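Asks: following this: a sequence and the matching experimental structure.
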Amino acid sequence: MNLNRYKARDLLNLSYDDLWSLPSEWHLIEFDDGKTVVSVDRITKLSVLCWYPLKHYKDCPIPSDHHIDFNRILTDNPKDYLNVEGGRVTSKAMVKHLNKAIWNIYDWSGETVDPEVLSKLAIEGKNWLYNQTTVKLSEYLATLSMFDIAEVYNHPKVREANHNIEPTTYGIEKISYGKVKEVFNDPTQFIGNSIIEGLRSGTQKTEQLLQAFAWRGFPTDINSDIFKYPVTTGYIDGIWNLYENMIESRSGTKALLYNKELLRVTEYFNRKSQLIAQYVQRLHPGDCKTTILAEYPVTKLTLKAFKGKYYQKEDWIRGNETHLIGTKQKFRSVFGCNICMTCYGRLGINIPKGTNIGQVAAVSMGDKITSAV
Amino acid sequence: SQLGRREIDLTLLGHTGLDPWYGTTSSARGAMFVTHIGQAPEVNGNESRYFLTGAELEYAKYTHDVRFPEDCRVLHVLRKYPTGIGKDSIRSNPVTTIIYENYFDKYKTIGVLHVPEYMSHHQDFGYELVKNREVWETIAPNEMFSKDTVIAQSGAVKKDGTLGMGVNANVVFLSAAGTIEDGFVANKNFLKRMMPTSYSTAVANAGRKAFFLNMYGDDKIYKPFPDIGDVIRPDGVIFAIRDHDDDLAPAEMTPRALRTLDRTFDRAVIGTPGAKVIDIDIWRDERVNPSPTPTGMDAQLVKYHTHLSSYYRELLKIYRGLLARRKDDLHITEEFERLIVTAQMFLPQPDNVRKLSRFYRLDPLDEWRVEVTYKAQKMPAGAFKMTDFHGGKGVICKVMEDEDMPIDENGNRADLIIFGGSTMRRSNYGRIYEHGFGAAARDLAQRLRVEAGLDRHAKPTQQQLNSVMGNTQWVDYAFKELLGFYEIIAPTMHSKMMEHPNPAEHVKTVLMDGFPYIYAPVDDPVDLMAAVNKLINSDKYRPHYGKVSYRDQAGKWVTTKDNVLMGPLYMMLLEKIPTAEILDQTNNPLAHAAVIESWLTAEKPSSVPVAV
Amino acid sequence: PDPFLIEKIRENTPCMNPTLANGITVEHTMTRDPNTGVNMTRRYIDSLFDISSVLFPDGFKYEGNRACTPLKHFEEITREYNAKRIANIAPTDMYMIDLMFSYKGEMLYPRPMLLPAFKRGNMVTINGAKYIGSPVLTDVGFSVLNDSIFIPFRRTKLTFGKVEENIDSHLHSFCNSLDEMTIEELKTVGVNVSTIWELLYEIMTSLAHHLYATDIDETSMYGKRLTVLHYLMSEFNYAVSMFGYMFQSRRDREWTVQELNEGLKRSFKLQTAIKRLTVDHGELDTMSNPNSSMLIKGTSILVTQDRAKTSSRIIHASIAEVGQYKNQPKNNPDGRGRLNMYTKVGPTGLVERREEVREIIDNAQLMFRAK
Amino acid sequence: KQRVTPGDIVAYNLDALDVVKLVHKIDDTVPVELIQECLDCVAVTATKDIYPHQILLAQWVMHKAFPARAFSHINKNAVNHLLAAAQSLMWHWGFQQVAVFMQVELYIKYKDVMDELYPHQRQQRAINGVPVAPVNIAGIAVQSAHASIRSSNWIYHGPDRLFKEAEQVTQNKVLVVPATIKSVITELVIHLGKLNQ
Amino acid sequence: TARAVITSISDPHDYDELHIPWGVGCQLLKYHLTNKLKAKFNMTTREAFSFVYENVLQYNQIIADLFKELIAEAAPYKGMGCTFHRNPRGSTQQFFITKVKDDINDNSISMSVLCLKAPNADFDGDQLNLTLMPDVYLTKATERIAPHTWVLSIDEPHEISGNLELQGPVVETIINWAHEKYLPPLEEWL
Ligand SMILES: [Zn+2]
């Protein structure tokens, strides 16, 4: 049938003026593993630009995981690839494929690649992706006008979620919010709308769209007090009663001012830890070969904290093991050394050479509690 | 859900009543809109808003200006720095002070009224005072004036009662690369219309320690500071200063060395190169019997000081003439008393008493104090903040030419490019209604211009409108079209100008400028999205929704794929509110002198191998 | 725009109060009576001096106040002290008045004094820099806090063998030296006091229920005095209070002309109301307006009673009438910031209710408070 | 005192060693061999204390190319090269009786033209009701120079050709002062005033 | 050694590029312009100091050509090495000055648009410090603080940190291109 057949590295050895001037048709891409991805030209042009670190090493295999549409696999039965959704292009999605490329290079050659070269190749690949996508895409500009509001507003399922609403926290926040939440996730209704396609791509939040296209519900005061009567209208069709506009006036500015004033008071908490953690010092790679391994009980909430460690089983670098979730486990930590890379874990290979590990651990602990408030 | 009714009038919103669609904007941006006004300087291109409320007719009544306090009669009209045809004749006098006597009073009180050329309550920002010509020509030493008669208004207050707080800009909503992290892509022809005026002041002191240098003059004259009406030097040095040394007098006290400014060992005062000089005030301590200023240098200081001393002597003579007539019946205003205290502080004392030791906030004067006031306009290029009369502000990051801007298929050139994707994030939806209704009204005015025999994007002459208005059957059709458009988005207007006498002047006013002005009060019984759906689903009053051609970051004329709508937004400009070696290169002067020597003896000043 | 359109917008616009839009510090200070040409600050000095006339001895009598000439103003500013006449060339608004005391006839030396001399739009200028005077709220009568009852007086304000004469002398200064007649103007809010012990009677009987089951609302801006002159001249009030305390708490003995002249020289200097105008006065801030209008940040600023000393921030429907909601700066974000110049203000600054919007305000206040 | 920006006086430590360019910035008709004869005596006078008459005569000359106030903020090897640069111009201009006094270690008809070249004069205090004529600002400088030349005796360490260009005979090579030294200093200042008019 | 507000380079550029304005670069490279004015021209240091300070607030072609020359003299680098600090590893990076702005009214140090995430991109009220490196020894030594040293995530073992992710409009212009009903469906294409 009429599907052209390309390769994984034969598109990567192609020049930019020849990659962008590809035909617009449904084609096949052969990868170095035993799979074949069905996709279109506008997605594989974006996937090749995420394989910039793979362009330097010309003997590295390119698996099928590197493609954006890696769910469509050309199998024997024709219904497993006929009507299948693809991967959604996100601001996080283009980063994880460059991550997949740099760790494919780091896993192809066995642990002998300086990660500084991989990080420089990652920032250079992001720079080349930016410099290609801004220049070559100058007619595909997302606009917003009066017509875009009147397409999400005029939907009959959104207008049904504004009439006959029970003014409590249940009848708003579980019925009227959900009646438009289940249609905002429908990939059939809003084709080409700049608001909905930006919501699906992670650039818009639904928590701000619920207060705009549906009812706003129960704002607070200087202290968290519900006012026993919710706001009747949203932000698209405005709010022009004295009661509801005064409650939204108490919710708007005074909350954000004390979400501003409570972030320079936490600046004292991390400096003393940042100064006291500098006693531990430089991290040299290798293996200390010490028979000192501490036992640690595993819990479901600390499984993600064991994402990079060195398991010892019958004399293993993952964080997705659903099992081993209640068993106490013996593995090596920094409490035994004669600090090595195996004892600290595989988090230490993302740290540069001249960086104090206790100082960067104090910064990693400090930023997480300020990212919540 | 009570969509059509509104129950908040103009007296419950303090400054929120200045803009419509306040309920569609979130309160965190609705407070930022009020914080942004009062931080906006007055720009050279001022106009009333296209969407008017009642508030702009009331805010134009209470502004800083010159005003007669009571019913008074003028006694004496003084003027500093008299202008004429002579030799020491300073052109364009700044200050003209009149003296009035309060009529209709038991005790006829005597006051003064300073009329300057400008007013400035902020540092490096101000505005000028446009004089009322029909009243300023009437000023005579025997004239009667009423209460609250206003001379020297500002430029924001129009003759009809409106306030100019900004300028309308054609705003296009695109996702271009320039609009990253609240960025603007401004037009070059639009940034000329947003040009604030800055009034600054430089202060000189040349006495026992130092003298002035011979800038601004040839080998025949000595002119240390520019005159009133003279511009500043292309490098903005005003009154450079060199110290007293008599052993270096063949070296430094030479007409070559006095005309040449050495940027080290001297003290220059730097300002704006292109700037007219407005006012000069010189204070002289003339009670020293040897003068440390050498001969031939005070030819320009004495010229201003004698004209200031004659004014301060005439004022004291006027007060002492009023004192001899009404003994112990004088009652004077509190400003008039301090003006005579200033006049007695300026003039020299007789030798029977001690001389004055004049200061300026614990800073002693030494025989000369020059006070030059200049005025400079500032063109915005980069890092200038703007606001669209909502909470959404941004920094200008890219300026393009007028032909490299977005343009519709009708011919409307864009002035700004704003990222639309922050509207859902910041929840300021009044911008959308302003953009859409302004686009619909502007396309209505341009379409009504096109149906008559005229040309869009051009102000018609007075002989074309006299032939357009001559056909009575077209003015009625255009008035019915304008009324049918006002029936959609502003029913208060449709109720308040169905009772219209002389309807031809309304169509003549609409066809004159490029927009029909719209009254949108804070309580208007209209549904916003029903008006949006009425504008979209209609044969008439529908804005032009088509594609937009522009010039991208490379050299190419590209046309966008999406249908993009261009509409006006009332814009305003806002004011601008190892390691041991690097530490040893600053905390040790020998290492800094070695870095300077390594920079200055090298073959290449950049790419030095090692600096000690 | 079309002139008929501007005419209809003018006919459909409510006008602001010109008493507050033009400035209230230029109203309550520097307003001249049509009979005698006397500023309201000078009448405030007279009303401050007739209260403390019950502590003066017999024969001593405050004899009005006169306005000085600019010649005496210049000769008193530039006075030779140490063979050097310190002039101060700086654009400032000042004017001089005399105090004009007496003692059994025998008119003593006058005492000059400087006064702030405000302008239109709350545009005072002190020592070259422009400033802005702002009103405070000034709770009428008694000011209830969360802890106890606080009643403000002009001399001292309190929050609720050899030693016996010292005990009795403080009650002698408490009894008749605090029976002021400007305070019986103030204490008409449900209080019947003409005697100093009746105040302590109705504190523990009539104001007793204000501590556990009070009838106040404590977040409302209704029924306020809106003073600009009591807080501006606080150092002069302290000077007259120290003058009366020098006449009472030290002695009651024989007074000569030299001791009274030395006390008048020690008490009333040249700049008594001037020294701390830019230091500790929270009602005076720096003018930084880059625009022509004065309604945005010039004449529409209110100081609260705790901000003037340089929870209670709950919602209220009085903020829609007296204050500006949705006008929320970083220091007064609850709406007790800007002024809302459409408010009705009667004589002596008394904020009174407005009748045409009382229904919606009372409905919203009843709707604010339900659990 | 008058704190100059540091790094600027390193550039003036460097530019003072550019002797021939600083000479040719003032007068381009100067023999380079005369500058070389002046520059071969820097090292001997380098280990000798510098006296203010040399600094004043090197500050009056070469103000057109070097700031005169920078002489107090530069080292000894800068002022020695500036003395050797000024001695060349005072040799070439025809003032040989004053050019001897530069490389040195220690052992009126002009008034109306000096009032024309230097018009700015010092104001004077009147004494019992008579206006005193102003004192010329260039006469105090030549008086301070003349009072510093004749303050002590001198020893010549310089070019041998300049010692016979000026009519002086050696008996101990102790430097004598002629009677017309004030007139030739005044003529030097008049020549400097005509050059920078 | 310098302090100014920041803007963005919304153009084809490199991730380590600084564009300093005219008034900052004329006062920072004064001893670098003085060497070229004393070498190419026959100016003295007094005339060179008078020529640099005069054209601080005024554009001229000679100072711009000497700026382009001083950028071009760095042969193995893109420009002159600097450290662009910020007071509140990703708070101090190393850049290279590759351009001096010809517009005099523009007073802002424009930074890379992809390096606006490891520090917080505050265009409103954030002035940032600039320190010029004298030699190439310190330019080699401050390579440890670089815009490629914050790429790898310090939280998770094999992840790239979230300071590499693209901004709003540059994501939305790819969303308008790739996710568009442009081609027919697969079973109807055949
Ligand atoms: Zn170990």
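Replies: In hand now; what should we look at? Numbering: from 1, shown residues only, chains lettered A, B, ... in the order given.
Asks: from chain D, how far out is the residue lying closest to residue C:255 once chain neighbours are set aside?
Replies: Leaving aside its chain neighbours, residue C:255 sits nearest to residue C:57 (6.1 Å; criterion: C-beta to C-beta, 6 or more residues apart in numbering or on different chains). Using the backbone N, CA and C atoms, a C-beta is placed for each residue, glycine as well. In this view, residue C:57 and chain D are 60 Å apart by C-beta to the nearest C-beta, to the nearest Å.
Asks: doesn't residue C:246 make contact with residue C:57?
Replies: No. Counting by C-beta atoms under 8 Å, residue C:57 sits too far from residue C:246 to count as a contact (11.8 Å).
Asks: got the residue ranges for the strands in the stretch 1-150 of chain B?
Replies: For the stretch 1-150 of chain B, the strands defined by DSSP state E, counting those that start in this stretch occupy B:51-52, B:66-67, B:72-77, B:96-102, B:110-115, B:118-122, B:125-128, B:144-145, B:150-151.
Asks: and among those, the most buried is which?
Replies: Comparing the strands of the stretch 1-150 of chain B by mean neighbour count (mean count of other C-beta atoms under 10 Å in any protein chain shown), strand B:51-52 comes out on top with a mean of 24.
Asks: sorry, back to before: which of the strands of the stretch 1-150 of chain B sits closest to chain E?
Replies: strand B:125-128 (15.7 Å; C-beta to the nearest C-beta).
Asks: any part of the closest one near chain C?
Replies: Yes. Using C-beta under 8 Å from any C-beta of the partner chain, strand B:125-128 comes into contact with chain C via B:125, B:126, B:127.
Asks: now, among those residues, which is nearest to residue B:65?
Replies: Nearest to residue B:65 among the residues of strand B:125-128 next to chain C is residue B:127, at 10.4 Å by C-beta to C-beta.
Asks: please verify my assumption that the closest one contacts residue B:119.
Replies: Yes. When contacts are counted by C-beta under 8 Å, residue B:127 is listed as touching residue B:119 (6.3 Å).
Asks: overlap in contacts of the two?
Replies: B:154, C:292 (C-beta atoms under 8 Å, 6 or more residues apart in numbering or on different chains).
Asks: how much space between residue C:351 and residue E:47?
Replies: Residue C:351 is 71 Å from residue E:47, where distance means C-beta to C-beta, to the nearest Å.
Asks: and the residue of the stretch 251-373 of chain A found nearest chain D, what is it in contact with?
Replies: The stretch 251-373 of chain A approaches chain D most closely through residue A:354 (31.7 Å), counting by C-beta to the nearest C-beta. Contacts for residue A:354 (C-beta under 8 Å, 6+ apart) come out as residue E:144.
Asks: in a strand, residue A:248, correct?
Replies: No. Counting by DSSP: H, G, I helix; E, B strand; the rest coil, residue A:248 is not part of a strand but helix.
Asks: from the residues of strand B:125-128 next to chain C, which is closest to chain A?
Replies: residue B:125 (26.5 Å).
Asks: the closest one contacts residue B:196, correct?
Replies: Yes. With contact defined as C-beta under 8 Å, residue B:125 counts as touching residue B:196 (6.4 Å).
Asks: intersection of neighbour lists for those two?
Replies: Common neighbours of residue B:125 and residue B:196 (C-beta under 8 Å, 6+ apart) are residue B:41.
Asks: show me what from the stretch 251-371 of chain C comes close to chain A.
Replies: C:311, C:313-315, C:317, C:319-320, C:325-326, C:328, C:330, C:333-335, C:360-361, C:363-364, C:367-368, C:370-371.
Asks: residue D:55: what's it in contact with?
Replies: Neighbouring residues of residue D:55 by C-beta under 8 Å, 6+ apart: D:71, D:79.
Asks: so the residue nearest to the spatial centre of chain C versus residue C:183, what's the distance?
Replies: In chain C, the centroid-proximal residue (C-alpha atoms, centre = their mean) is residue C:230; its distance is 1.6 Å. Using C-beta to C-beta, residue C:230 is found at 12 Å from residue C:183.
Asks: name the nearest residue to the residue of chain A positioned farthest from its centre, sequence neighbours excluded.
Replies: Most distant residue from the mean C-alpha position of chain A: residue A:242, 41.6 Å away (C-alpha atoms, centre = their mean). Leaving out its chain neighbours, the residue that sits closest to residue A:242 by C-beta to C-beta, 6+ apart is residue C:364, at 4.9 Å.
Asks: over to residue C:329?
Replies: Nearest one to residue C:329, counting by C-beta to C-beta, 6+ apart, is residue C:337 at 5.5 Å.
Asks: just residue E:48 next, same as before
Replies: Using C-beta to C-beta, 6+ apart and skipping the chain neighbours, the partner closest in space to residue E:48 is residue E:37 (4.0 Å).
Asks: check residue C:76 too.
Replies: residue C:112 (5.2 Å).
Asks: just checking, the one you found touches residue C:68?
Replies: Yes. Taking contacts as C-beta under 8 Å, residue C:112 lies within contact range of residue C:68: 6.4 Å.
Asks: overlap in contacts of those two?
Replies: Contacts common to residue C:112 and residue C:68, judged by C-beta under 8 Å, 6+ apart, are C:76, C:96, C:97, C:98.
Asks: among those residues, the buried ones, what's the PyMOL command?
Replies: In PyMOL, the members of the shared contacts of residue C:112 and residue C:68 classed as buried (16 or more other C-beta atoms under 10 Å in any protein chain shown) are selected with the following command:
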select buried, chain C and resi 96+97+98
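Asks: now render the shared contacts of residue C:112 and residue C:68 as JSON lines, adding secondary structure.
Replies: Compiled in JSON lines, those are given as follows (three-state DSSP):
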{"residue": "C:76", "secondary structure": "helix"}
{"residue": "C:96", "secondary structure": "strand"}
{"residue": "C:97", "secondary structure": "strand"}
{"residue": "C:98", "secondary structure": "strand"}
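Asks: rewinding a little: residue C:351 and residue E:47: who's more crowded?
Replies: Taking other C-beta atoms under 10 Å in any protein chain shown, residue C:351 and residue E:47 do not tie; residue C:351 has more neighbours (20 against 17).
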